[PDB]
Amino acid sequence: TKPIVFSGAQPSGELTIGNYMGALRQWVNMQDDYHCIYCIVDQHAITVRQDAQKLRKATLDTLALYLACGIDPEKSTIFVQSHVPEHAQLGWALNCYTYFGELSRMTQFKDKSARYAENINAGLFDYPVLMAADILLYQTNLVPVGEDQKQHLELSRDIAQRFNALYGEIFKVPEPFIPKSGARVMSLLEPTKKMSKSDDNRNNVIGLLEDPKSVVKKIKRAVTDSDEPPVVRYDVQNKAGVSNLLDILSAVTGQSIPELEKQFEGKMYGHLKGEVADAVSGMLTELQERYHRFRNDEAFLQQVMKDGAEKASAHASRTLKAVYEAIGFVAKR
């Protein structure tokens, strides 16, 4: 059998070009080379408070968007997290092998706490442990994620090693698969802050389901720098906005940084923003054209969730049975 790939995304907010290039692009390319399992993590999404109707719609939006990117249901397992009970079951067990200090020092908890001061809930604090359960359930070898999830992934490795040291080879120790380009896609009007899928200022974001014409106007108004003459060169410290635009172009087209610098030799930020606007608009037009065809076909979406949760439960139950045997519970019969 092939090595196993696992990853997930929250059905909350509107998934961006950041979410695509950091995770979903890699998900589609790994499907033949590895046995891939992709999850709509609705149990994680509710750590930030959601409208009930908006959550349900977002789950089905996210599933249709996976399919629009090229996530084949005949190649990969595609499921909703809450449909497999073993994620919560293993999650509780892994709380008992996760330290308090590890969770409190997490960057995602600190930033999300400051952002949602009125709802610093226990789920938001306990986010990483359920994520470790999501990965460890399927004997996962590779985990394709963006730069922001590096810390959470290191904990999953530490938990897997900590549990295996006491009980034997029950889990596989997962490894990160973070890409070279597009691992940390930044905000258009604030290049130092990463692109959010629920930004209060919409002008920071390039949404995947967003109107192409609106996205072109956003790329044109992206902040750059005061350099005289203007020069298209990758430099995150000095030229954060220009570098973010180069990073976005490189990932859509496939061309490298020095290739693009040579292409924009003797050119200025008009040529740069024109190429990003054209490249990104053609991507989103093609993607949204496939999306609605998937999203309005409810019988098809229902079948994908049905088959995916069924495939996932087989893997999940086997791992949880071994966990429960090792920690010393009386086996269910």
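Definition used throughout: the rigid core is the maximal C-alpha set that superposes within 1.5 Å between two forms. Numbers for residues come from their place in the sequence shown, where the first is 1.
Is the larger C-alpha RMS shift in 8 other deposited structures of this protein, relative to this form with the rigid core superposed, found in 163-171 or in 186-194?
Clearly, after the core fit, the stretch farther away in 8 other deposited structures of this protein is 186-194.
Segment of greater CA departure in 8 other deposited structures of this protein, 120-128 or 243-251, core superposed
Once the cores are fitted, 243-251 deviates more in 8 other deposited structures of this protein.
Quick one: across the other PDB entries of this protein we compared, is residue 82 left without coordinates in at least a third of them?
In none of the comparable entries (those modelling both sides of it) is residue 82 left without coordinates.
I want to check something about residue 111: across the other compared entries that model its neighbours, is it left unbuilt in at least a third?
Other entries vs residue 111: at least a third skip it.
Stretch exceeding the other in mean C-alpha B-factor - 72-80, 93-101:
The stretch with the larger average C-alpha B-factor is 93-101.
Given the B-factors recorded for C-alpha atoms, which segment has the greater mean, 321-329 or 12-20?
12-20 has the higher mean C-alpha B-factor.
Which listed residue, 162, 87, 152, 110, has the largest C-alpha temperature factor in the record?
That would be 110, according to the entry.
Residue with maximal Cα B-factor (values as given in the PDB entry) among 168, 128, 179, 123:
Answer, based on the entry's C-alpha B-factors: 179.
Would you mind checking where the Cα B-factor of residue 252 ranks among the modelled residues of its chain, as the lowest, middle or highest third?
For residue 252, whose C-alpha B-factor we compare with every modelled residue in the chain, the answer is the highest third.
Quick one: classify residue 236 as lowest, middle or highest third of the chain based on its Cα B-factor.
Highest third - that is where residue 236 ends up once the chain's C-alpha B-factors are sorted.
Quick one: classify residue 41 as lowest, middle or highest third of the chain based on its Cα B-factor.
Lowest third, going by the recorded CA B-factors of the chain.
What third of its chain's C-alpha B-factors does residue 27 belong to: lowest, middle or highest?
For residue 27, the deposited C-alpha B-factor lands in the middle third.
Could you say whether, by C-alpha temperature factor, residue 114 belongs to the lowest, middle or highest third of its chain?
Its C-alpha B-factor belongs to the highest third of this chain's values.
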